[PDB]
>>> print(open('final_32.tsv').read())   # TSV, C-alpha atoms and all ligand atoms
chain	number	residue	atom	x	y	z
A	1	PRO	CA	-89.51	20.08	9.18
A	2	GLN	CA	-86.71	17.95	7.72
A	3	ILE	CA	-86.94	14.39	9.03
A	4	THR	CA	-84.04	11.95	8.88
A	5	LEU	CA	-84.60	8.19	8.79
A	6	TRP	CA	-82.36	6.70	11.52
A	7	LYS	CA	-85.56	6.09	13.47
A	8	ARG	CA	-89.09	5.51	12.28
A	9	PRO	CA	-90.64	8.80	11.07
A	10	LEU	CA	-93.37	8.78	13.68
A	11	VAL	CA	-95.41	11.95	14.16
A	12	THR	CA	-98.46	12.99	16.14
A	13	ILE	CA	-101.72	13.22	14.25
A	14	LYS	CA	-105.13	14.56	15.26
A	15	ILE	CA	-108.08	12.69	13.79
A	16	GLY	CA	-111.69	12.93	14.95
A	17	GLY	CA	-110.37	15.25	17.72
A	18	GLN	CA	-108.09	12.53	19.12
A	19	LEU	CA	-104.30	12.43	19.24
A	20	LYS	CA	-102.59	9.38	17.77
A	21	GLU	CA	-99.11	8.49	16.53
A	22	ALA	CA	-98.56	7.58	12.88
A	23	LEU	CA	-95.78	6.67	10.52
A	24	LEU	CA	-94.98	8.90	7.50
A	25	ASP	CA	-94.94	6.23	4.82
A	26	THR	CA	-93.81	7.05	1.28
A	27	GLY	CA	-94.32	3.42	0.31
A	28	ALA	CA	-98.08	3.58	1.01
A	29	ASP	CA	-100.54	4.83	-1.59
A	30	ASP	CA	-103.20	5.27	1.14
A	31	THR	CA	-103.56	6.31	4.76
A	32	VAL	CA	-104.55	3.51	7.10
A	33	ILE	CA	-105.42	4.04	10.76
A	34	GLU	CA	-106.18	1.41	13.44
A	35	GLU	CA	-109.77	0.63	14.37
A	36	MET	CA	-111.44	3.62	15.99
A	37	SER	CA	-114.74	5.43	16.15
A	38	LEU	CA	-114.58	8.16	13.53
A	39	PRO	CA	-117.24	10.70	12.59
A	40	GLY	CA	-118.19	10.48	8.93
A	41	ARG	CA	-119.71	8.12	6.37
A	42	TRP	CA	-117.78	5.06	5.18
A	43	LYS	CA	-117.88	2.21	2.70
A	44	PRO	CA	-116.22	-1.22	2.74
A	45	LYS	CA	-112.89	-1.49	0.87
A	46	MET	CA	-109.96	-3.94	0.51
A	47	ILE	CA	-106.31	-3.02	0.43
A	48	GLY	CA	-103.08	-4.91	0.06
A	49	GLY	CA	-99.73	-4.68	1.77
A	50	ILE	CA	-96.59	-6.71	2.02
A	51	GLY	CA	-98.37	-9.74	3.46
A	52	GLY	CA	-101.70	-9.82	1.61
A	53	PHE	CA	-105.04	-8.11	1.63
A	54	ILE	CA	-107.26	-6.82	4.46
A	55	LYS	CA	-110.74	-5.31	4.83
A	56	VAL	CA	-111.02	-1.66	5.86
A	57	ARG	CA	-113.59	1.12	6.19
A	58	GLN	CA	-113.03	3.92	3.68
A	59	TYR	CA	-113.87	7.42	4.92
A	60	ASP	CA	-113.59	10.22	2.39
A	61	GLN	CA	-112.96	13.88	3.06
A	62	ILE	CA	-111.72	13.49	6.66
A	63	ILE	CA	-110.04	16.46	8.35
A	64	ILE	CA	-106.73	15.40	9.86
A	65	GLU	CA	-103.69	17.20	11.25
A	66	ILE	CA	-100.28	15.61	10.66
A	67	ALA	CA	-97.37	17.07	12.69
A	68	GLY	CA	-99.41	20.28	12.78
A	69	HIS	CA	-100.15	20.36	9.03
A	70	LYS	CA	-103.71	20.23	7.74
A	71	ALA	CA	-105.06	17.69	5.27
A	72	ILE	CA	-108.56	16.72	4.24
A	73	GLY	CA	-108.80	13.42	2.43
A	74	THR	CA	-109.39	9.71	2.46
A	75	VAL	CA	-108.66	7.71	5.59
A	76	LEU	CA	-108.95	3.93	5.67
A	77	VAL	CA	-109.71	2.48	9.11
A	78	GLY	CA	-108.94	-1.14	9.88
A	79	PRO	CA	-106.63	-3.70	11.44
A	80	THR	CA	-103.36	-2.23	10.30
A	81	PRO	CA	-100.36	-3.08	12.48
A	82	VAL	CA	-99.22	0.56	12.59
A	83	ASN	CA	-100.97	3.81	11.77
A	84	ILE	CA	-99.66	4.97	8.39
A	85	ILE	CA	-99.87	8.28	6.57
A	86	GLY	CA	-99.59	7.48	2.89
A	87	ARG	CA	-99.05	9.52	-0.25
A	88	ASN	CA	-102.64	10.67	-0.58
A	89	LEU	CA	-102.10	12.88	2.50
A	90	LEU	CA	-98.32	13.35	2.27
A	91	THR	CA	-98.90	15.23	-0.99
A	92	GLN	CA	-101.43	17.50	0.78
A	93	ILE	CA	-98.85	18.53	3.37
A	94	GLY	CA	-96.22	19.13	0.67
A	95	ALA	CA	-93.88	16.32	1.66
A	96	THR	CA	-91.03	15.32	-0.62
A	97	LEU	CA	-88.08	12.91	-0.40
A	98	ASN	CA	-84.66	14.51	-0.81
A	99	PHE	CA	-81.15	13.14	-1.10
B	1	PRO	CA	-82.58	15.01	-6.04
B	2	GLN	CA	-86.06	15.78	-4.91
B	3	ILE	CA	-88.84	13.27	-5.39
B	4	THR	CA	-92.48	14.33	-5.06
B	5	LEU	CA	-95.13	11.90	-3.96
B	6	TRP	CA	-97.85	12.30	-6.58
B	7	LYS	CA	-96.87	8.89	-7.87
B	8	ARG	CA	-94.97	6.02	-6.26
B	9	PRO	CA	-91.34	7.12	-5.66
B	10	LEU	CA	-89.72	4.52	-7.90
B	11	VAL	CA	-86.04	4.72	-8.83
B	12	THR	CA	-83.58	2.47	-10.63
B	13	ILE	CA	-81.36	0.32	-8.46
B	14	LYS	CA	-78.44	-1.98	-9.23
B	15	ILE	CA	-78.09	-5.13	-7.20
B	16	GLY	CA	-76.27	-8.41	-7.92
B	17	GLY	CA	-75.30	-7.11	-11.37
B	18	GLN	CA	-78.94	-6.41	-12.36
B	19	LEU	CA	-80.96	-3.22	-12.79
B	20	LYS	CA	-84.38	-3.13	-11.11
B	21	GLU	CA	-86.99	-0.53	-10.18
B	22	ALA	CA	-87.62	-0.02	-6.48
B	23	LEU	CA	-89.76	2.06	-4.17
B	24	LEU	CA	-88.14	4.48	-1.72
B	25	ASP	CA	-90.09	3.59	1.40
B	26	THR	CA	-89.83	5.59	4.60
B	27	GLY	CA	-92.36	3.22	6.18
B	28	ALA	CA	-90.07	0.19	5.80
B	29	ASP	CA	-87.48	-0.73	8.38
B	30	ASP	CA	-85.85	-3.17	5.96
B	31	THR	CA	-85.06	-3.48	2.29
B	32	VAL	CA	-87.01	-6.20	0.50
B	33	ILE	CA	-86.17	-7.26	-3.05
B	34	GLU	CA	-87.99	-9.63	-5.40
B	35	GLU	CA	-86.76	-13.19	-5.67
B	36	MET	CA	-83.28	-13.22	-7.27
B	37	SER	CA	-80.37	-15.61	-7.12
B	38	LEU	CA	-77.89	-13.67	-4.96
B	39	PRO	CA	-74.72	-15.56	-4.12
B	40	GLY	CA	-73.58	-16.76	-0.74
B	41	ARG	CA	-74.88	-17.44	2.72
B	42	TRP	CA	-78.16	-16.13	4.11
B	43	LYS	CA	-80.42	-16.53	7.17
B	44	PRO	CA	-84.17	-17.26	7.20
B	45	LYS	CA	-86.41	-14.36	8.30
B	46	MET	CA	-90.07	-13.41	8.36
B	47	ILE	CA	-91.19	-9.84	7.81
B	48	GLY	CA	-94.62	-8.38	8.14
B	49	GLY	CA	-96.93	-5.48	7.55
B	50	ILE	CA	-100.46	-5.02	6.27
B	51	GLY	CA	-101.84	-8.43	5.39
B	52	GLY	CA	-99.43	-10.52	7.50
B	53	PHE	CA	-95.96	-11.99	7.06
B	54	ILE	CA	-93.82	-13.33	4.25
B	55	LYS	CA	-90.74	-15.53	4.41
B	56	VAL	CA	-87.50	-14.00	3.09
B	57	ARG	CA	-83.79	-14.74	2.92
B	58	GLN	CA	-81.58	-12.26	4.77
B	59	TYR	CA	-78.33	-11.39	2.99
B	60	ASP	CA	-75.80	-9.18	4.75
B	61	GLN	CA	-73.28	-6.69	3.32
B	62	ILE	CA	-74.96	-6.53	-0.08
B	63	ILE	CA	-73.62	-3.84	-2.40
B	64	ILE	CA	-76.48	-1.88	-3.98
B	65	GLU	CA	-76.70	1.36	-5.98
B	66	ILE	CA	-79.86	3.44	-5.48
B	67	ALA	CA	-80.50	6.16	-8.07
B	68	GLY	CA	-76.71	6.39	-8.55
B	69	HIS	CA	-75.86	6.46	-4.82
B	70	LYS	CA	-73.78	3.52	-3.51
B	71	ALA	CA	-74.84	1.69	-0.38
B	72	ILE	CA	-74.03	-1.54	1.40
B	73	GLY	CA	-76.19	-3.40	3.89
B	74	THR	CA	-78.77	-6.04	4.62
B	75	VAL	CA	-81.18	-7.02	1.86
B	76	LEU	CA	-84.09	-9.38	2.30
B	77	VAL	CA	-85.04	-11.44	-0.73
B	78	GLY	CA	-88.37	-13.12	-1.33
B	79	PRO	CA	-91.86	-12.92	-2.77
B	80	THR	CA	-92.48	-9.24	-2.22
B	81	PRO	CA	-95.08	-7.60	-4.46
B	82	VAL	CA	-92.79	-4.52	-5.00
B	83	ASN	CA	-89.04	-3.93	-4.52
B	84	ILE	CA	-88.69	-1.81	-1.40
B	85	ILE	CA	-85.74	0.33	-0.28
B	86	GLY	CA	-86.16	0.77	3.47
B	87	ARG	CA	-84.60	3.00	6.07
B	88	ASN	CA	-81.54	0.79	6.57
B	89	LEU	CA	-80.37	1.93	3.11
B	90	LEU	CA	-82.20	5.28	2.80
B	91	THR	CA	-80.08	6.59	5.67
B	92	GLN	CA	-76.90	5.60	3.79
B	93	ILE	CA	-77.84	7.68	0.79
B	94	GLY	CA	-78.75	10.63	3.04
B	95	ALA	CA	-82.47	10.67	2.33
B	96	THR	CA	-84.85	12.86	4.26
B	97	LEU	CA	-88.52	13.69	4.29
B	98	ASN	CA	-89.26	17.37	4.06
B	99	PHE	CA	-92.36	19.49	4.50
C	1	LIG	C1	-91.85	-3.82	3.92
C	1	LIG	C2	-92.04	-4.20	5.40
C	1	LIG	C3	-90.70	-4.62	6.02
C	1	LIG	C4	-92.64	-3.02	6.17
C	1	LIG	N1	-92.81	-3.28	7.60
C	1	LIG	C5	-92.08	-2.69	8.56
C	1	LIG	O1	-91.16	-1.91	8.32
C	1	LIG	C6	-92.36	-3.02	10.03
C	1	LIG	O2	-93.36	-4.09	10.04
C	1	LIG	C7	-94.10	-4.26	11.17
C	1	LIG	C8	-95.02	-5.32	11.18
C	1	LIG	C9	-95.83	-5.56	12.29
C	1	LIG	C10	-95.71	-4.74	13.41
C	1	LIG	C11	-94.80	-3.68	13.41
C	1	LIG	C12	-93.99	-3.43	12.29
C	1	LIG	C13	-94.00	-2.58	5.60
C	1	LIG	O3	-94.89	-3.41	5.34
C	1	LIG	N2	-94.12	-1.25	5.46
C	1	LIG	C14	-95.40	-0.65	5.01
C	1	LIG	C15	-95.97	0.23	6.12
C	1	LIG	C16	-96.14	-0.57	7.40
C	1	LIG	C17	-97.24	-1.43	7.51
C	1	LIG	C18	-97.43	-2.17	8.68
C	1	LIG	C19	-96.50	-2.06	9.71
C	1	LIG	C20	-95.40	-1.19	9.60
C	1	LIG	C21	-95.24	-0.44	8.44
C	1	LIG	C22	-95.24	0.10	3.70
C	1	LIG	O4	-94.25	1.14	3.82
C	1	LIG	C23	-95.00	-0.92	2.61
C	1	LIG	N3	-93.58	-1.28	2.47
C	1	LIG	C24	-95.57	-0.39	1.34
C	1	LIG	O5	-97.03	-0.28	1.47
C	1	LIG	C25	-94.99	-1.19	0.16
C	1	LIG	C26	-95.96	-2.05	-0.59
C	1	LIG	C27	-96.68	-1.46	-1.62
C	1	LIG	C28	-97.59	-2.23	-2.35
C	1	LIG	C29	-97.76	-3.58	-2.05
C	1	LIG	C30	-97.01	-4.17	-1.02
C	1	LIG	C31	-96.09	-3.41	-0.29
>>> encode(input="final_32.tsv", output="structure tokens", more="lines below")
Ligand SMILES: CC(C)[C@H](NC(=O)COc1ccccc1)C(=O)N[C@@H](Cc1ccccc1)[C@@H](O)[C@H](N)[C@H](O)Cc1ccccc1
Amino acid sequence: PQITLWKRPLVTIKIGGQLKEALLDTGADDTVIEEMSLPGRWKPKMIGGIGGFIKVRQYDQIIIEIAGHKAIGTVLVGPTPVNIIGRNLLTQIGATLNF
Amino acid sequence: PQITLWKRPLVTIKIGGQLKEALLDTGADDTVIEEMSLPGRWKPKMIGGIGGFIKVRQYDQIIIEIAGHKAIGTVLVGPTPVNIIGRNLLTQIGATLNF
């Protein structure tokens, strides 16, 4: 679809078989999802955002659906304030910015 | 224009008589620019995201050109790690996400 930006670009995702809401976030390199139980192997990682750095669990090669579109890639799981779909998965679904 | 997301979507902006590089950020409600000496009155604000909050100065009705497109609106100034163009200004330049 084409998504305008008057409201937050929130979409439904399916991850680990569960529905969640997430923000399509062109300003994020990575995808970061709130704490959850997720099938797959992980390793500790640190990432930074506007306010500093946090600890997350890095899961590679995770199958996820974003507004109905398939991606398989890295998902970081940790205490993010909002679920964010970053460029690593936006590129997989063919998203671009247009103006 | 169309901007793909393989790399950070950085564009040139003009603000306060200076050229800067900034990130087009669909995940940002607000526009946050690196410390600069903008003229006139402002209001204290705190903004947050991953990592916590930072303190910024809120300036209203700031004239800003984004990749050649004129805009006018609120700009937050402070110790951000990257200049961020958020939805308050992305809407003014008619930006969408498309997939
Ligand atoms: C800029 C902020 C006003 C923006 N936040 C928001 O727009 C809303 O912030 C909150 C905070 C708490 C609860 C609900 C909403 C934000 O952090 N936006 C981020 C996503 C986000 C995180 C947490 C909450 C909401 C959004 C990103 O789009 C962020 N601007 C990029 O990662 C830019 C970046 C790249 C590299 C280093 C540092 C920063």
>>> residues_near_ligand(input="final_32.tsv", ligand="ligand LIG 1 (chain C)", cutoff="9 Å", atoms="only C-alpha atoms and all ligand atoms", output="PyMOL selection string")
(chain A and resi 8+23-30+32+47-52+80-86) or (chain B and resi 8+23-32+47-53+76+80-87)
>>> write_last_selection(input="final_32.tsv", atoms="C-alpha atoms", output="compact mmCIF listing (two decimals), keeping the file's coordinate frame")
# COMPACT_ATOMS: atom_id res chain seq x y z
CA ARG A 8 -89.09 5.51 12.28
CA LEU A 23 -95.78 6.67 10.52
CA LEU A 24 -94.98 8.90 7.50
CA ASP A 25 -94.94 6.23 4.82
CA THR A 26 -93.81 7.05 1.28
CA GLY A 27 -94.32 3.42 0.31
CA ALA A 28 -98.08 3.58 1.01
CA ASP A 29 -100.54 4.83 -1.59
CA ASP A 30 -103.20 5.27 1.14
CA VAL A 32 -104.55 3.51 7.10
CA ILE A 47 -106.31 -3.02 0.43
CA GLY A 48 -103.08 -4.91 0.06
CA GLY A 49 -99.73 -4.68 1.77
CA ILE A 50 -96.59 -6.71 2.02
CA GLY A 51 -98.37 -9.74 3.46
CA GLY A 52 -101.70 -9.82 1.61
CA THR A 80 -103.36 -2.23 10.30
CA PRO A 81 -100.36 -3.08 12.48
CA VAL A 82 -99.22 0.56 12.59
CA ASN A 83 -100.97 3.81 11.77
CA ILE A 84 -99.66 4.97 8.39
CA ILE A 85 -99.87 8.28 6.57
CA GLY A 86 -99.59 7.48 2.89
CA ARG B 8 -94.97 6.02 -6.26
CA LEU B 23 -89.76 2.06 -4.17
CA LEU B 24 -88.14 4.48 -1.72
CA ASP B 25 -90.09 3.59 1.40
CA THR B 26 -89.83 5.59 4.60
CA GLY B 27 -92.36 3.22 6.18
CA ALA B 28 -90.07 0.19 5.80
CA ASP B 29 -87.48 -0.73 8.38
CA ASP B 30 -85.85 -3.17 5.96
CA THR B 31 -85.06 -3.48 2.29
CA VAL B 32 -87.01 -6.20 0.50
CA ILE B 47 -91.19 -9.84 7.81
CA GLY B 48 -94.62 -8.38 8.14
CA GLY B 49 -96.93 -5.48 7.55
CA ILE B 50 -100.46 -5.02 6.27
CA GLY B 51 -101.84 -8.43 5.39
CA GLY B 52 -99.43 -10.52 7.50
CA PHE B 53 -95.96 -11.99 7.06
CA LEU B 76 -84.09 -9.38 2.30
CA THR B 80 -92.48 -9.24 -2.22
CA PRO B 81 -95.08 -7.60 -4.46
CA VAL B 82 -92.79 -4.52 -5.00
CA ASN B 83 -89.04 -3.93 -4.52
CA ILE B 84 -88.69 -1.81 -1.40
CA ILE B 85 -85.74 0.33 -0.28
CA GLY B 86 -86.16 0.77 3.47
CA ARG B 87 -84.60 3.00 6.07
>>> calpha_fit_and_write(input="final_32.tsv", fixed="chain A", moving="chain B", output="compact mmCIF listing (two decimals) with C-alpha atoms, in the coordinates of the input")
# COMPACT_ATOMS: atom_id res chain seq x y z
CA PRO B 1 -89.13 20.12 9.13
CA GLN B 2 -86.64 17.51 8.13
CA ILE B 3 -87.02 13.94 9.27
CA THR B 4 -84.11 11.50 9.01
CA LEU B 5 -84.69 7.81 8.58
CA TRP B 6 -82.51 6.24 11.26
CA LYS B 7 -85.69 5.37 13.10
CA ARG B 8 -89.29 5.06 11.93
CA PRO B 9 -90.55 8.54 10.87
CA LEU B 10 -93.33 8.79 13.44
CA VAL B 11 -95.17 12.06 14.05
CA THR B 12 -98.20 13.12 16.07
CA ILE B 13 -101.47 13.39 14.19
CA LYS B 14 -104.92 14.63 15.17
CA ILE B 15 -107.91 12.83 13.75
CA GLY B 16 -111.53 12.62 14.94
CA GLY B 17 -110.63 14.71 18.01
CA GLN B 18 -107.87 12.29 19.11
CA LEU B 19 -104.07 12.47 19.07
CA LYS B 20 -102.23 9.45 17.65
CA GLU B 21 -98.73 8.61 16.44
CA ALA B 22 -98.38 7.76 12.76
CA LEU B 23 -95.73 6.78 10.26
CA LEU B 24 -94.98 9.03 7.29
CA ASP B 25 -94.94 6.43 4.54
CA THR B 26 -93.83 7.22 1.01
CA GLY B 27 -94.49 3.58 0.09
CA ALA B 28 -98.21 3.84 0.87
CA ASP B 29 -100.74 5.01 -1.67
CA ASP B 30 -103.38 5.40 1.04
CA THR B 31 -103.66 6.48 4.64
CA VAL B 32 -104.54 3.68 7.05
CA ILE B 33 -105.48 4.37 10.66
CA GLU B 34 -106.09 1.96 13.54
CA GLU B 35 -109.65 1.04 14.39
CA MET B 36 -111.49 4.13 15.72
CA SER B 37 -115.11 5.16 15.81
CA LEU B 38 -115.21 7.90 13.15
CA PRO B 39 -118.65 9.30 12.46
CA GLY B 40 -120.67 9.01 9.30
CA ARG B 41 -120.87 6.99 6.13
CA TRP B 42 -118.09 4.81 4.75
CA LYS B 43 -117.47 2.24 1.99
CA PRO B 44 -115.91 -1.23 2.37
CA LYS B 45 -112.40 -1.64 0.90
CA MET B 46 -109.54 -4.11 0.93
CA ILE B 47 -105.94 -2.96 0.87
CA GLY B 48 -102.83 -5.01 0.52
CA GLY B 49 -99.08 -5.19 0.71
CA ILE B 50 -96.54 -7.61 2.13
CA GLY B 51 -98.41 -10.47 3.74
CA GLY B 52 -101.73 -10.01 1.89
CA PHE B 53 -104.86 -7.92 2.35
CA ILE B 54 -106.86 -6.45 5.21
CA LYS B 55 -110.42 -5.18 5.24
CA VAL B 56 -110.89 -1.47 6.02
CA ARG B 57 -113.60 1.18 6.06
CA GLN B 58 -113.06 4.05 3.62
CA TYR B 59 -114.02 7.48 4.97
CA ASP B 60 -113.87 10.48 2.65
CA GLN B 61 -113.14 14.15 3.40
CA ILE B 62 -111.65 13.43 6.82
CA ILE B 63 -109.97 16.40 8.48
CA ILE B 64 -106.56 15.41 9.87
CA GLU B 65 -103.58 17.35 11.23
CA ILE B 66 -100.14 15.84 10.57
CA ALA B 67 -97.27 17.26 12.64
CA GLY B 68 -99.20 20.56 12.80
CA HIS B 69 -100.05 20.67 9.07
CA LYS B 70 -103.78 20.52 8.19
CA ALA B 71 -105.02 18.12 5.55
CA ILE B 72 -108.31 16.70 4.36
CA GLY B 73 -108.86 13.50 2.42
CA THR B 74 -109.61 9.81 2.39
CA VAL B 75 -108.71 7.76 5.45
CA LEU B 76 -109.00 4.00 5.68
CA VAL B 77 -109.78 2.59 9.10
CA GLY B 78 -109.17 -0.96 10.24
CA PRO B 79 -106.84 -3.45 11.86
CA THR B 80 -103.56 -2.02 10.68
CA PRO B 81 -100.49 -2.86 12.75
CA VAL B 82 -99.24 0.80 12.53
CA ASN B 83 -100.96 4.11 11.68
CA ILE B 84 -99.80 5.05 8.20
CA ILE B 85 -99.88 8.46 6.49
CA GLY B 86 -99.72 7.74 2.76
CA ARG B 87 -99.10 9.81 -0.32
CA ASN B 88 -102.70 11.00 -0.61
CA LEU B 89 -102.05 13.16 2.48
CA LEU B 90 -98.25 13.57 2.28
CA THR B 91 -98.73 15.55 -0.93
CA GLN B 92 -101.14 17.91 0.87
CA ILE B 93 -98.57 18.80 3.49
CA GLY B 94 -95.91 19.31 0.79
CA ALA B 95 -93.67 16.41 1.75
CA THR B 96 -90.75 15.36 -0.39
CA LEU B 97 -87.98 12.82 -0.31
CA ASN B 98 -84.54 14.29 -0.73
CA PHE B 99 -81.09 12.86 -1.34
>>> residues_around(input="final_32.tsv", residues="stretch 62-71 of chain B", least_positions_apart="5", cutoff="8 Å", atoms="only C-alpha atoms", output="CSV table (one decimal) with C-alpha atoms, in the coordinates of the input")
chain,number,residue,atom,x,y,z
B,11,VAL,CA,-86.0,4.7,-8.8
B,12,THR,CA,-83.6,2.5,-10.6
B,13,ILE,CA,-81.4,0.3,-8.5
B,14,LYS,CA,-78.4,-2.0,-9.2
B,15,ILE,CA,-78.1,-5.1,-7.2
B,16,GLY,CA,-76.3,-8.4,-7.9
B,89,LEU,CA,-80.4,1.9,3.1
B,92,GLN,CA,-76.9,5.6,3.8
B,93,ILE,CA,-77.8,7.7,0.8
>>> residues_around(input="final_32.tsv", residues="residue A:98", least_positions_apart="4", cutoff="9 Å", atoms="all atoms listed in the file", output="PyMOL selection string")
chain B and resi 1-4+94-98
>>> atom_distance(input="final_32.tsv", atom1="atom CA of residue A:33", atom2="atom CA of residue B:22")
25.1 Å
>>> closest_residue(input="final_32.tsv", among="B:40, B:99, B:55, B:35", to="chain A", atoms="all atoms listed in the file")
B:99
>>> atom_distance(input="final_32.tsv", atom1="atom CA of residue A:21", atom2="atom CA of residue A:79")
15.2 Å
>>> build_atoms(input="final_32.tsv", residues="stretch 45-58 of chain A", atoms="N, CA and C atoms", output="PDB file, in the coordinates of the input")
ATOM      1  N   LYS A  45    -113.954  -1.456   1.878  1.00  0.00           N
ATOM      2  CA  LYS A  45    -112.890  -1.490   0.870  1.00  0.00           C
ATOM      3  C   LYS A  45    -111.892  -2.581   1.274  1.00  0.00           C
ATOM      4  N   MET A  46    -111.108  -3.037   0.299  1.00  0.00           N
ATOM      5  CA  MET A  46    -109.960  -3.940   0.510  1.00  0.00           C
ATOM      6  C   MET A  46    -108.680  -3.293   0.056  1.00  0.00           C
ATOM      7  N   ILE A  47    -107.614  -3.493   0.838  1.00  0.00           N
ATOM      8  CA  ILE A  47    -106.310  -3.020   0.430  1.00  0.00           C
ATOM      9  C   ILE A  47    -105.272  -4.090   0.669  1.00  0.00           C
ATOM     10  N   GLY A  48    -104.165  -3.957  -0.050  1.00  0.00           N
ATOM     11  CA  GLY A  48    -103.080  -4.910   0.060  1.00  0.00           C
ATOM     12  C   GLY A  48    -101.798  -4.273   0.560  1.00  0.00           C
ATOM     13  N   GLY A  49    -101.041  -5.082   1.262  1.00  0.00           N
ATOM     14  CA  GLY A  49     -99.730  -4.680   1.770  1.00  0.00           C
ATOM     15  C   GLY A  49     -98.763  -5.817   1.533  1.00  0.00           C
ATOM     16  N   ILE A  50     -97.660  -5.782   2.255  1.00  0.00           N
ATOM     17  CA  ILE A  50     -96.590  -6.710   2.020  1.00  0.00           C
ATOM     18  C   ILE A  50     -97.040  -8.133   2.196  1.00  0.00           C
ATOM     19  N   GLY A  51     -97.959  -8.352   3.123  1.00  0.00           N
ATOM     20  CA  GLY A  51     -98.370  -9.740   3.460  1.00  0.00           C
ATOM     21  C   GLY A  51     -99.678 -10.280   2.893  1.00  0.00           C
ATOM     22  N   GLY A  52    -100.400  -9.450   2.148  1.00  0.00           N
ATOM     23  CA  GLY A  52    -101.700  -9.820   1.610  1.00  0.00           C
ATOM     24  C   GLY A  52    -102.693  -8.687   1.773  1.00  0.00           C
ATOM     25  N   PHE A  53    -103.963  -9.053   1.718  1.00  0.00           N
ATOM     26  CA  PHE A  53    -105.040  -8.110   1.630  1.00  0.00           C
ATOM     27  C   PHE A  53    -105.852  -8.156   2.900  1.00  0.00           C
ATOM     28  N   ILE A  54    -106.347  -6.984   3.322  1.00  0.00           N
ATOM     29  CA  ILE A  54    -107.260  -6.820   4.460  1.00  0.00           C
ATOM     30  C   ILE A  54    -108.496  -5.984   4.095  1.00  0.00           C
ATOM     31  N   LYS A  55    -109.536  -6.125   4.911  1.00  0.00           N
ATOM     32  CA  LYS A  55    -110.740  -5.310   4.830  1.00  0.00           C
ATOM     33  C   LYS A  55    -110.622  -4.057   5.695  1.00  0.00           C
ATOM     34  N   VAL A  56    -111.042  -2.925   5.135  1.00  0.00           N
ATOM     35  CA  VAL A  56    -111.020  -1.660   5.860  1.00  0.00           C
ATOM     36  C   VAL A  56    -112.329  -0.905   5.603  1.00  0.00           C
ATOM     37  N   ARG A  57    -112.536   0.127   6.409  1.00  0.00           N
ATOM     38  CA  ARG A  57    -113.590   1.120   6.190  1.00  0.00           C
ATOM     39  C   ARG A  57    -112.994   2.360   5.542  1.00  0.00           C
ATOM     40  N   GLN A  58    -113.515   2.737   4.378  1.00  0.00           N
ATOM     41  CA  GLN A  58    -113.030   3.920   3.680  1.00  0.00           C
ATOM     42  C   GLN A  58    -113.873   5.134   4.004  1.00  0.00           C
TER      43      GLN A  58
END
